[PDB]
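*Asks:* Let me begin by handing over the structure; questions about it come next.
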Amino acid sequence: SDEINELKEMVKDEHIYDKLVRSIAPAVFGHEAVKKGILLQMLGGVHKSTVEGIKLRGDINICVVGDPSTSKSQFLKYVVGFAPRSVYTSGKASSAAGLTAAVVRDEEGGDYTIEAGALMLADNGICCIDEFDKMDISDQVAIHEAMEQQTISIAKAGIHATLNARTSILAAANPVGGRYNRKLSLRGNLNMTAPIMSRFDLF
Amino acid sequence: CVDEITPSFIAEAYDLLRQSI
Amino acid sequence: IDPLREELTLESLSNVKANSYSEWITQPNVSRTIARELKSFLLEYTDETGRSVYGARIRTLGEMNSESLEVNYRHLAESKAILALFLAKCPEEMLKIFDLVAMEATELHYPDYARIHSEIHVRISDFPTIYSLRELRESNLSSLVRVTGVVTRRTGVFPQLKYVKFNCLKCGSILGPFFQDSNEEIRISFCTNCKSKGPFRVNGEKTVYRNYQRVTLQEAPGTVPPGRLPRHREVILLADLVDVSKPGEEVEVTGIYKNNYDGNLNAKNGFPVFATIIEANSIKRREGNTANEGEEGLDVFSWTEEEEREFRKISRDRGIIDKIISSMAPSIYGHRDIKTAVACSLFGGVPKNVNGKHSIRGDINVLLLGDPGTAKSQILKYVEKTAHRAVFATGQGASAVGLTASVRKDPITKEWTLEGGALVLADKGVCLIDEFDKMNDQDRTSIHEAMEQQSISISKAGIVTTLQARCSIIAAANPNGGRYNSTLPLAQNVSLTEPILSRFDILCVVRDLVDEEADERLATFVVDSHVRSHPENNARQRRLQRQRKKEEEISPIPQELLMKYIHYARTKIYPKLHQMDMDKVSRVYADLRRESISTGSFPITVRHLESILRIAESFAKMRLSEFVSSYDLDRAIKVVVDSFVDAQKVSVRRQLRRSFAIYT
DNA sequence: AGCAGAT
DNA sequence: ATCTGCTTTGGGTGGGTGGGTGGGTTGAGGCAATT
Ligand SMILES: Nc1ncnc2c1ncn2[C@@H]1O[C@H](COP(=O)(O)OP(=O)(O)OP(=O)(O)O)[C@@H](O)[C@H]1O
Ligand SMILES: Nc1ncnc2c1ncn2[C@@H]1O[C@H](COP(=O)(O)OP(=O)(O)O)[C@@H](O)[C@H]1O
Ligand SMILES: [Mg+2]
Ligand SMILES: [Mg+2]
Ligand SMILES: [Zn+2]
């Protein structure tokens with residue numbers, strides 16, 4: 001009963017929208033523009049499927065770009081420690097699976113088995129990638145379908161499957177050069193390509 | 001916490017997209 | 001009156017007068033009443049239309065010489081709730097009674113059907129509750145369950161003994177035949193007559209055999225929690241169910257959860273734990289049908305005798321060939337050429353073996369080479385939903401042997417064996433490859449032989465065999481630089497080469513150009529679609545009616561009816577070219593060749609001359625017509641000529657269009 | 001051949 | 001107290017509806033990931 005009263009008192013407030021934005025990641029200082037994006041990502045969007053089984057995405061992907069030592073990682077750290085389901089990784093993932101799934105087979109007879117990656121483990125959560133601009137070519141290509149169709153299709157020797165990857169990506173990247181150059185456009189300062197750049201809701 | 005999207009929200013979402021260009 | 005021949009009533013059947021349900025069902029009078037009620041249900045049940053469902057299902061059963069009567073659980077639950085409860089809790093005895101009654105109903109229509117098949121097996125279709133292989137517990141033992149998984153291992157079909165007869169080693173007397181339980185062996189310890197502790201020899205003058213097979217079900221990767229190991233169970237498929245399921249396929253198994261004693265399990269665990277298996281009662285192919293889960297029956301691409309007396313009214317109408325094209329992915333605004341190509345590929349041409357010496361492909365391949373946000377992957381997903389057998393592969397998630405076939409060393413026999421890949425799973429189907437341009441070159445070159453010869457040849461580890469891959473390929477690609485450059489030729493805008501390009505019957509180039517009127521219509525349609533698909537926007541009947549009303553707005557033909565129609569056309573209709581204007585086709589082919597002599601243009605070979613005829617046959621098939629008409633050939637010529645012209649550069653496109661206006 | 005069981 | 005009867009070593013003159021957390025272990029060949 002007490003918590004409900006608190007909830008009602010929250011909605012009745014007229015500054016409520018501003019208060020929530022100012023209450024995200026209080027550790028960081030003076031980045032209200034970013035905080036609004038993170039809050040909107042947590043709430044997400046409505047997930048819809050058409051009358052013929054075509055699925056429309058409802059997850060918000062955010063990319064953050066900045067010079068070294070600008071609290072980029074501090075934003076990812078807050079999200080993983082706060083969001084219900086989340087996974088903190090890096091573009092240069094150590095595991096064999098990487099951001100997507102991979103097939104690994106035990107010694108001799110053992111048939112092939114699927115080893116989950118970052119995007120699979122964060123199902124229905126938020127996947128935070130610390131250095132997007134350093135991803136591997138296999139994952140760079142494989143991220144195309146995961147971000148839009150929300151699946152990972154693998155067809156290897158003896159094993160074929162479609163793996164759910166219904167996750168929202170919150171990435172952090174460094175400029176192609178040492179520092180963000182104000183003269184060039186966002187396209188020039190980033191090593192990403194047009195198909196990926198169109199898959200991010202906010203920058 | 002509203003169940004109907006008003007144009008004021010559409011305008012707000014438009015602003016965020018512009019700042020990302 | 002003989003007490004054993006008296007019967008109770010239904011309400012008198014609901015109140016139980018035994019200590020267990022099995023003992024209640026097994027009683028003579030109760031069994032008689034249950035059999036009578038099941039016969040009444042089979043004879044009298046009527047759907048909304050008012051015509052008997054199971055009379056027609058029995059007539060078709062006899063037509064096909066089959067020995068399986070498919071019964072819907074929901075129908076039984078609505079007509080007789082107590083019988084559904086009994087079947088759910090005590091499936092063995094109830095299924096025995098229901099098989100006897102089903103044979104009696106079938107013999108009603110075909111008086112001498114006992115001479116074709118001795119017994120009829122009742123198959124349960126839609127059990128309301130679905131479990132996983134992790135959720136199975138002791139409470140589910142000896143009760144009907146429905147589970148899903150991936151068939152990871154299969155055995156050959158062995159003839160099993162339906163009745164076993166034993167003879168005493170010492171006395172020599174032969175004991176009467178006893179029913180064999182597939183779950184565990186039957187043994188006799190105390191002889192009725194000899195009363196000898198010694199074993200009795202297994203021998204029999206005459207026996208009847210039944211097919212037997214075992215499969216290892218494994219949790220599907222989609223359902224297993226991410227990163228955890230998958231559970232598995234073993235399923236026993238008795239006669240008429242053998243070979244229905246194949247390795248690497250998803251399935252929905254309805255059966256009986258049974259347990260038996262295993263000495264080795266007790267020895268390894270140290271506790272008296274039993275071994276559990278599932279006795280399959282029906283199988284439903286769940287592969288490539290994740291978007292058809294809202295559908296009744298064990299097959300969702302099959303037809304009644306009334307649904308194909310109307311697939312033949314829909315098809316005499318005059319514009320079916322274009323209401324079919326409209327009904328392709330209606331949630332996508334435009335792209336009429338893409339939808340036409342997809343429909344042609346779905347219906348496909350007719351394969352032909354001339355004199356038994358010449359083999360000609362009879363399936364159509366499509367390539368979508370467009371700009372980023374132009375609804376290509378959505379079209380591929382729709383084609384996956386609609387096709388009878390489809391497999392989806394992505395650029396770098398596929399390997400050379402993942403497609404086609406691979407060679408492994410069997411863990412059991414430790415001998416080399418052959419596994420089927422994507423193209424084998426797509427036999428008589430569609431293989432949808434997304435991100436086609438990002439594939440590895442080695443993986444991309446693997447499908448060359450399968451795309452034309454419809455076969456895979458493997459020479460590895462002492463195996464020299466040729467398979468069958470009668471599959472069509474619909475591939476989506478992204479031009480070099482991420483955006484099509486209309487000023488350059490097609491060859492410069494893609495990295496593919498002549499041999500691979502020449503195998504694609506239809507090339508559809510998609511461009512995203514900012515036209516304010518075009519942007520206006522597309523945005524309006526997209527926003528209206530998002531409004532339509534919003535989740536918030538009898539109970540089952542009302543839900544179906546509202547879904548039908550929502551669907552009617554954008555698709556002239558229902559999607560399920562369309563799936564059944566496509567399957568029927570691909571199965572039963574083989575159009576043949578009899579009357580055709582040879583000069584027209586020859587003259588268009590020569591024109592195409594001469595105009596394609598230009599450097600960098602889309603390749604033209606005899607393959608495309610044959611593609612014209614394939615597309616004409618597909619159009620004839622769309623109408624369920626047994627002969628290819630002149631209009632179909634004209635439409636196919638138009639399709640090919642347009643697809644050729646669109647790929648040209650801006651500078652020469654106007655001249656090419658003017659030159660080819662005769663045929664379009 | 002040593003040990004496990006039925007008359 | 002006597003008579004009747006099964007099974008080893010370990011190995012293919014028991015097997016693959018017993019498996020490889022019950023031991024029999026190098027050699028070759030195919031596949032994914034790593035390059
Ligand atoms: N605006 C800020 N508000 C609060 N702390 C900040 C801010 N900018 C930097 N810091 C402090 O800088 C410290 C180091 O920065 P940090 O490494 O987290 O930044 P980064 O942008 O993720 O780095 P890099 O780009 O090198 O990965 C952080 O612990 C944080 O305390
Ligand atoms: N002509 C169109 N009609 C309807 N939706 C479209 C159309 N073009 C693009 N879309 C939208 O784009 C999204 C799918 O993009 P997608 O086809 O996956 O990109 P790609 O072509 O790179 O695969 C869908 O949500 C869909 O609604
Ligand atoms: Mg950092
Ligand atoms: Mg795509
Ligand atoms: Zn005897």
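Letters A, B, ... mark the chains of the structure tokens in the order given; residue numbers begin at 1 per chain; ligand numbers begin at 1, in order shown.
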Compile a residue-level contact table for chain C against ligand 2 at a cut-off of 7 Å, reporting for every qualifying residue the shortest atom pair and its distance in Å to one decimal, with only C-alpha atoms and all ligand atoms counted, rows ordered by chain and ascending number, as a Markdown table.

*Replies:*
```
| residue | atom | partner | partner_atom_place_in_ligand_line | distance |
| --- | --- | --- | --- | --- |
| C:331 | CA | ligand 2 | 4 (C) | 6.0 |
| C:332 | CA | ligand 2 | 3 (N) | 3.6 |
| C:333 | CA | ligand 2 | 3 (N) | 3.9 |
| C:334 | CA | ligand 2 | 1 (N) | 5.1 |
| C:335 | CA | ligand 2 | 1 (N) | 6.6 |
| C:371 | CA | ligand 2 | 21 (O) | 6.5 |
| C:372 | CA | ligand 2 | 22 (O) | 4.1 |
| C:373 | CA | ligand 2 | 19 (O) | 4.3 |
| C:374 | CA | ligand 2 | 8 (N) | 4.1 |
| C:375 | CA | ligand 2 | 17 (O) | 3.0 |
| C:376 | CA | ligand 2 | 17 (O) | 4.1 |
| C:377 | CA | ligand 2 | 23 (O) | 4.0 |
| C:378 | CA | ligand 2 | 17 (O) | 5.1 |
| C:522 | CA | ligand 2 | 3 (N) | 6.5 |
| C:526 | CA | ligand 2 | 4 (C) | 5.5 |
```

*Asks:* Neighbours of residue 388 in chain C within 10 Å (only C-alpha atoms (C1' of nucleotides); same-chain residues fewer than 6 positions away dropped), as a PyMOL selection string?

*Replies:* chain C and resi 287-289+300-301+346+426+428-430+563-564+566-567+570

*Asks:* Take the residues just selected and output them with N, CA, C and O atoms as a compact mmCIF listing (two decimals), in the first residue's frame.

*Replies:*
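After the write, selection20.txt holds the following:
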```txt
# COMPACT_ATOMS: atom_id res chain seq x y z
N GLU C 287 9.37 -26.80 -38.01
CA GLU C 287 10.50 -26.16 -38.66
C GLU C 287 10.03 -25.07 -39.61
O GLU C 287 9.12 -25.28 -40.42
N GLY C 288 10.64 -23.89 -39.50
CA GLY C 288 10.34 -22.79 -40.40
C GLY C 288 8.92 -22.29 -40.32
O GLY C 288 8.44 -21.67 -41.28
N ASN C 289 8.22 -22.53 -39.21
CA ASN C 289 6.83 -22.14 -39.06
C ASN C 289 6.61 -21.38 -37.75
O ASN C 289 5.54 -21.47 -37.14
N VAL C 300 -0.48 -27.69 -41.41
CA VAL C 300 -1.10 -26.40 -41.65
C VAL C 300 -1.03 -26.04 -43.11
O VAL C 300 -1.23 -24.94 -43.35
N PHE C 301 -0.90 -26.95 -44.01
CA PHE C 301 -0.66 -26.72 -45.40
C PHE C 301 -1.35 -27.88 -45.98
O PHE C 301 -0.83 -28.31 -46.75
N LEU C 346 7.66 -18.59 -55.57
CA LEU C 346 6.88 -19.45 -54.69
C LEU C 346 6.14 -20.52 -55.48
O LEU C 346 6.12 -21.69 -55.08
N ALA C 426 15.90 -27.66 -47.51
CA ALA C 426 15.09 -26.85 -48.40
C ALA C 426 14.71 -27.58 -49.68
O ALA C 426 14.27 -26.95 -50.65
N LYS C 428 12.63 -29.18 -52.38
CA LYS C 428 11.27 -28.79 -52.73
C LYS C 428 10.82 -27.60 -51.89
O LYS C 428 9.69 -27.54 -51.40
N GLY C 429 11.72 -26.65 -51.72
CA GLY C 429 11.45 -25.50 -50.89
C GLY C 429 12.28 -24.31 -51.31
O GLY C 429 12.74 -24.23 -52.45
N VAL C 430 12.48 -23.39 -50.37
CA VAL C 430 13.17 -22.13 -50.62
C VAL C 430 14.28 -21.96 -49.60
O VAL C 430 14.07 -22.19 -48.40
N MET C 563 -1.62 -19.89 -48.26
CA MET C 563 -0.61 -20.93 -48.05
C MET C 563 -1.11 -22.28 -48.56
O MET C 563 -0.40 -22.98 -49.30
N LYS C 564 -2.34 -22.65 -48.19
CA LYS C 564 -2.89 -23.91 -48.67
C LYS C 564 -3.00 -23.92 -50.19
O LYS C 564 -2.72 -24.94 -50.83
N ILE C 566 -1.14 -22.25 -52.41
CA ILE C 566 0.18 -22.39 -53.02
C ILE C 566 0.64 -23.84 -52.92
O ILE C 566 1.18 -24.40 -53.89
N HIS C 567 0.45 -24.47 -51.76
CA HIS C 567 0.86 -25.86 -51.63
C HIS C 567 0.10 -26.76 -52.59
O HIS C 567 0.69 -27.63 -53.24
N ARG C 570 1.38 -26.31 -56.13
CA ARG C 570 2.75 -26.86 -56.33
C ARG C 570 2.65 -28.38 -56.32
O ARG C 570 3.52 -29.00 -56.95
```

*Asks:* As a ChimeraX atom specification, please: the residues near range 100-104 of chain A (cut-off 6 Å, only C-alpha atoms (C1' of nucleotides), same-chain neighbours under 2 positions excluded).

*Replies:* /A:97-98,112-117,119

*Asks:* Residues within 7 Å of ligand 3 should be enumerated using only C-alpha atoms (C1' of nucleotides) and all ligand atoms and returned as a list in words.

*Replies:*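 Using only C-alpha atoms (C1' of nucleotides) and all ligand atoms, I find these residues within 7 Å of ligand 3: residues 69, 71, 72, 73 and 130 of chain A.
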
*Asks:* Could the residues in this selection be saved with N, CA and C atoms as a CSV table (one decimal), in the first residue's frame?

*Replies:*
```
chain,number,residue,atom,x,y,z
A,69,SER,N,38.3,10.1,-21.9
A,69,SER,CA,38.1,10.6,-20.5
A,69,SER,C,36.9,11.6,-20.6
A,71,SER,N,33.6,10.4,-19.5
A,71,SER,CA,32.5,9.6,-18.8
A,71,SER,C,31.7,8.8,-19.7
A,72,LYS,N,32.2,8.4,-20.9
A,72,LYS,CA,31.5,7.5,-21.8
A,72,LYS,C,31.2,6.1,-21.1
A,73,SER,N,32.3,5.5,-20.5
A,73,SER,CA,32.1,4.2,-19.9
A,73,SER,C,31.2,4.4,-18.6
A,130,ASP,N,31.5,-1.5,-25.2
A,130,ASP,CA,32.3,-0.4,-24.7
A,130,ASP,C,33.0,0.3,-25.8
```

*Asks:* When you draw a straight line from CA of residue 82 in chain C to CA of residue 109 in chain C, how long is it in Å?

*Replies:*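 Distance reported for this atom pair: 27.7 Å.
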